[PDB]
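**Q** Sharing a structure with you now.
Protein chains: 4
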Amino acid sequence: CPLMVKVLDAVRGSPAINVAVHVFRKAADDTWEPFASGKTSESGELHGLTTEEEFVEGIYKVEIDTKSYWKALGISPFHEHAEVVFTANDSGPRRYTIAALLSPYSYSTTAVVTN
Amino acid sequence: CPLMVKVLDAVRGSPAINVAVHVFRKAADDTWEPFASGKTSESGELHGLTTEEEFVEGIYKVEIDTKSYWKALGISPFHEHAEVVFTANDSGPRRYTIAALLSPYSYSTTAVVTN
Amino acid sequence: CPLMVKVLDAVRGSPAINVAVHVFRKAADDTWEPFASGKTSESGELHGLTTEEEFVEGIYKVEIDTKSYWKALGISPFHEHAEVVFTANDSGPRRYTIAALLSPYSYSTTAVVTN
Amino acid sequence: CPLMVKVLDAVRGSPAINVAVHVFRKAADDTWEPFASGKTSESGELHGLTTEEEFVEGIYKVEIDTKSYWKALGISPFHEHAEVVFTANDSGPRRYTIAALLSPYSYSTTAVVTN
Ligand SMILES: [Mg+2]
Ligand SMILES: [Mg+2]
Ligand SMILES: [Mg+2]
Ligand SMILES: [Mg+2]
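Residue numbers (UniProt numbering), protein chains in the order written: chain Y, 30 to 144; chain E, 30 to 144; chain P, 30 to 144; chain D, 30 to 144.
Right under this line is the structure:
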């Protein structure tokens, strides 16, 4: 599993369940090409987005649909989404965990990179 | 001043100085159009981005060039940029402050909306 | 002003107003002794906690009464308080700003040290 | 496992390994009584701190030794430690995950509470 996403809810103190996550890869013409997508599980985790064969080097954008998450909870979301952008595999293959902590007017994200 | 941006460095415990900040507004065709830009001051603040007349309701993206900031300090960064995408709604007098806290492998962003 | 505290609310996107803040300094016997205290203003800021003469090097603890803040808003909080424990060292002219971002089940705290 | 602690390093983009974590429980005389302690693993996780039988209701303080962590990495730590304080099991037994993200001048913490 080369790319995992974990999402937590800072208002309820819970995993953020059934949150849509879209991954794009920067194309040669500087446009964002669809790469992978999924929904977080009951643990707030999204495994199986991609495979080692598909996950090449490049610039990736992980978009987390925070707006739908907050709307479903009847909360006024400020952010449309989170947009985590990073270069992956530039020195060779790595495993990446993108973690995000969500509040209506704030978000924090970190990455755990393992060789 | 309807839109202010403040950037802090969590490694050095200091304002993030001379950081490029680009603001985009979502156009009718779903593309991101340039709206305002500047560089943070010695206090890590960016004032005078826009005016009350120009800052209408809409979907905005604030992109902070964190990659150049870390590279100039000789610290290896993970992200290309730190950001906030949000909806600006007129619900009485409002001033938006977008604050970002930077670390090489993480960032936090919050919005303070005041009257 | 050698020590300032700023508190923000990540649920409402606003300053956290009238929040009690207590500052302690580590005594010789390893106990926490009261040092300064106050309440945040309408801007979520607390100025005038101490003076240059009183603020010596040492280990300080800033305790923010987040539990009372959330209870007054009718939101169930997790933490008793949000905090920062740090060492204050004189390395040229220094001003400390302790900023805290609050959510019911999370908080972030940072220190900005300036000249 | 009723109480788990997970610690991440925002500078290196890694789990914070071999970080000391001390848990105290507030005693009848308002003093902090030792309750459990351990070190984070290679995954930055600390499992097996306590048992369901030992983990009664009360006010708990989770102290993370951030100072030793940063000193071992040759980084100038601002914080002495992190001090996460919360009431546990007041409505009946719950499982708690305390997560912390560390930077030299900042820290973020969240709690995941499951029934
Ligand atoms: Mg390459
Ligand atoms: Mg409108
Ligand atoms: Mg000294
Ligand atoms: Mg009870």
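Beta carbons are placed, not taken as given, at the ideal position from N, Cα and C, and that holds for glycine.
1. So the alpha helix (DSSP H) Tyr89(Y) belongs to, where does it begin and stop?
2. Taking 8 Å as the CB-CB limit, is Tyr136(D) close to chain P?
3. What did DSSP end up calling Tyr134(D) once you bin it into helix, strand or coil?
4. Which residues end up in the neighbourhood of ligand 1 when you take C-beta atoms closer than 7 Å to any of its heavy atoms?
5. Does any residue of chain P bring its CB to less than 8 Å from the CB of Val34(E)?
6. Return the first residue and the last residue of the beta strand (DSSP E) that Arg54(E) is part of.
7. From this set, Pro133(P), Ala128(P) and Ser132(P), which residue's C-alpha is nearest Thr139(P)'s C-alpha?
8. Using a Cβ-Cβ distance cut-off of 8 Å, determine whether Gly103(D) contacts chain E.
9. Output, in chain order, the set of chain E residues within a Cβ distance shorter than 8 Å of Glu112(Y).
10. Could you round the C-beta distance between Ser137(P) and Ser135(D) to whole angstroms and report it? I think they count as a contact, below 8 Å.
11. Let me check one thing: in DSSP terms, what residues is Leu75(D) bridge-paired to?
12. How long is the line joining the alpha carbons of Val48(E) and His110(E), rounded to whole angstroms?
13. Check each candidate in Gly42(P), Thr116(P) and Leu131(P) and name the one with the smallest Cα separation from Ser97(P).
14. Report yes if the C-beta distance between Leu75(P) and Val50(P) is below 8 Å; otherwise report no.
15. Residues of the stretch 44 to 65 of chain D in Cβ contact with chain P at a cutoff of 8 Å, in chain order, please.
16. Taking the straight line between their C-alpha atoms, what separation do you get for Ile46(D) and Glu86(E)?
17. Alpha carbons only, please: which of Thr69(D), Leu78(D) and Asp119(D) is nearest the one belonging to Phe53(D)?
18. Going by DSSP in three states, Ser66(D) sits in which element: helix, strand or coil?
19. Show which residues of chain E have a CB atom less than 9 Å away from the CB atom of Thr139(P).
20. Quick check on this structure: which residue in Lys100(E), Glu83(E) and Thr69(E) has the alpha carbon closest to the alpha carbon of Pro63(E)?
21. Residues of chain E with CB under 7 Å from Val142(P), in chain order?
22. Whose CA, out of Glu81(P), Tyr89(P) and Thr95(P), lies closest to the CA of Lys68(P)?
23. So what does DSSP say about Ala101(E), is it helix, strand or coil?
24. Around the C-beta of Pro44(Y), are 16 or more other C-beta atoms found within 10 angstroms, so that it is buried, or is it exposed?
25. From the DSSP output, which residues share a beta bridge with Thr116(D)?
26. Taking C-beta pairs closer than 9 Å, name the residues in chain E that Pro133(D) reaches, listed in chain order.
27. Quick check: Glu71(D) and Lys90(D), are their CB atoms within less than 8 Å of each other?
28. For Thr126(D) and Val34(D), what's the separation of their Cα atoms in angstroms?
29. Classify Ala117(Y): buried if its beta carbon has 16 or more other beta carbons within 10 angstroms, exposed otherwise.
30. Excluding five sequence neighbours on each side, which residues of the same chain lie with their C-beta closer than 8 Å to the C-beta of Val141(D)?
31. By a C-beta neighbour count over all protein chains shown, 10 Å radius and 16 as the cutoff for buried, is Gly73(P) buried or exposed?
32. Would you mind stating whether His108(D) and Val114(P) have Cβ atoms separated by less than 8 Å?
33. Under 8 Å, do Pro133(D) and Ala39(E) count as touching if we go by C-beta distance?
**A** Per the coordinate set shown:
1. Within the first sequence, residue 89(Y) is the residue found at index 60, counting from 1. Taken as a continuous stretch (DSSP letters only), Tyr89(Y) belongs to no alpha helix (DSSP H), being part of the beta strand (DSSP E) at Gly87 to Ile93.
2. Here residue 136(D) refers to the residue found at position 107 when the fourth sequence is read from its first residue. Yes, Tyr136(D) lies at the interface with chain P (some Cβ there is under 8 Å from its Cβ).
3. As a working mapping, residue 134(D) is identified with position 105 in the fourth sequence. In this structure, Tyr134(D) counts as coil in the three-state DSSP scheme.
4. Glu86(Y), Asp119(Y) and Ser120(Y)
5. Along the second sequence, read from residue 1 onward, the residue named residue 34(E) stands at position 5. False, the Cβ-Cβ gap to chain P never drops below 8 Å.
6. Taking the second sequence and counting its residues from 1, the one referred to as residue 54(E) is at position 25. Where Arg54(E) is concerned, the enclosing beta strand (DSSP E) stretches over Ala49 to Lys55.
7. Working through the third sequence from its first residue, we reach residue 139(P) at position 110. The shortest Cα separation from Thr139(P) among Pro133(P), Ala128(P) and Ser132(P) belongs to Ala128(P).
8. Within the fourth sequence, the letter at position 74 stands for residue 103(D). False, the Cβ-Cβ gap to chain E never drops below 8 Å.
9. In the first sequence, residue 112(Y) corresponds to position 83, counting from 1. Going along chain E in sequence order, the residues near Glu112(Y) (Cβ under 8 Å) are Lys90, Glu112 and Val114.
10. Locating residue 137(P) in the third sequence gives position 108, where the first residue counts as 1. Locating residue 135(D) in the fourth sequence gives position 106, where the first residue counts as 1. Right, the Cβ-Cβ distance comes to about 7 Å (below 8 Å), so this counts as a contact.
11. Numbered from 1 along the fourth sequence, position 46 holds the residue referred to as residue 75(D). Beta-bridge pairing links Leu75(D) to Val34(D).
12. The residue labelled residue 48(E) in the question sits at position 19 within the second sequence. The residue labelled residue 110(E) in the question sits at position 81 within the second sequence. If I take the Cα positions, the gap works out to 11 Å.
13. Position 68 of the third sequence holds residue 97(P). Answer by Cα proximity: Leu131(P).
14. Here residue 75(P) refers to the residue found at position 46 when the third sequence is read from its first residue. Here residue 50(P) refers to the residue found at position 21 when the third sequence is read from its first residue. Against a cut-off of 8 Å, the Cβ pair of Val50(P) and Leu75(P) comes out as a contact.
15. none
16. Walking along the fourth sequence from the start, residue 46(D) turns up at place 17. Walking along the second sequence from the start, residue 86(E) turns up at place 57. Near 46 Å, if we compare the C-alpha coordinates of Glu86(E) and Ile46(D).
17. The sequence position of residue 53(D) within the fourth sequence is 24, counting from 1. Out of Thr69(D), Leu78(D) and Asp119(D), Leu78(D) has the C-alpha closest to the C-alpha of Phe53(D).
18. Position 37 of the fourth sequence, counted from the start, is the residue given in the question as residue 66(D). If DSSP states are grouped into helix, strand and coil, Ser66(D) belongs with the strands.
19. Your numbering for residue 139(P) matches position 110 in the third sequence. The contacting residues are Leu37, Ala39, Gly42, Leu130 and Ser137.
20. The residue you call residue 63(E) lines up with position 34 of the second sequence. Answer by Cα proximity: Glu83(E).
21. For the purposes of this step, residue 142(P) is taken as the residue at position 113 of the third sequence. Under the 7 Å cutoff, chain E gives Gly42 and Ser43.
22. For the purposes of this step, residue 68(P) is identified with residue 39 of the third sequence, where counting begins at 1. When only C-alpha atoms are compared, the closest one is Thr95(P).
23. Counted from its first residue, the second sequence places residue 101(E) at position 72. Three-state DSSP puts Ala101(E) in a helix.
24. Mapped onto the first sequence, residue 44(Y) falls at position 15. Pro44(Y) should be labelled buried.
25. As a position in the fourth sequence, residue 116(D) is number 87, starting the count at 1. Paired residue(s): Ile88(D).
26. Here residue 133(D) corresponds to residue number 104 of the fourth sequence, with the count starting at 1. In chain order: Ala39, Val40, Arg41, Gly42 and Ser132.
27. What you label residue 71(D) is simply residue 42 of the fourth sequence in a count that begins at 1. What you label residue 90(D) is simply residue 61 of the fourth sequence in a count that begins at 1. Going by C-beta atoms, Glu71(D) is not nearer than 8 Å to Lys90(D).
28. Position 97 of the fourth sequence, counted from the start, is the residue given in the question as residue 126(D). Position 5 of the fourth sequence, counted from the start, is the residue given in the question as residue 34(D). In a straight line, the C-alpha of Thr126(D) is about 6 Å away from that of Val34(D).
29. Position 88 of the first sequence holds residue 117(Y). Under this definition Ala117(Y) is a buried residue.
30. Residue 141(D) sits at position 112 when you count from the first residue of the fourth sequence. If we look at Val141(D) and ignore the five residues flanking it on each side, its Cβ neighbours are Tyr125, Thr126 and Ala128.
31. Here residue 73(P) refers to the residue found at position 44 when the third sequence is read from its first residue. So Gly73(P) ends up on the buried side.
32. Residue 108(D) sits at position 79 when you count from the first residue of the fourth sequence. Residue 114(P) sits at position 85 when you count from the first residue of the third sequence. Yes. Within cutoff.
33. For the purposes of this step, residue 133(D) is taken as residue 104 along the fourth sequence, with counting starting at 1. For the purposes of this step, residue 39(E) is taken as residue 10 along the second sequence, with counting starting at 1. Cβ distance < 8 Å, so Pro133(D) and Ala39(E) count as in contact.
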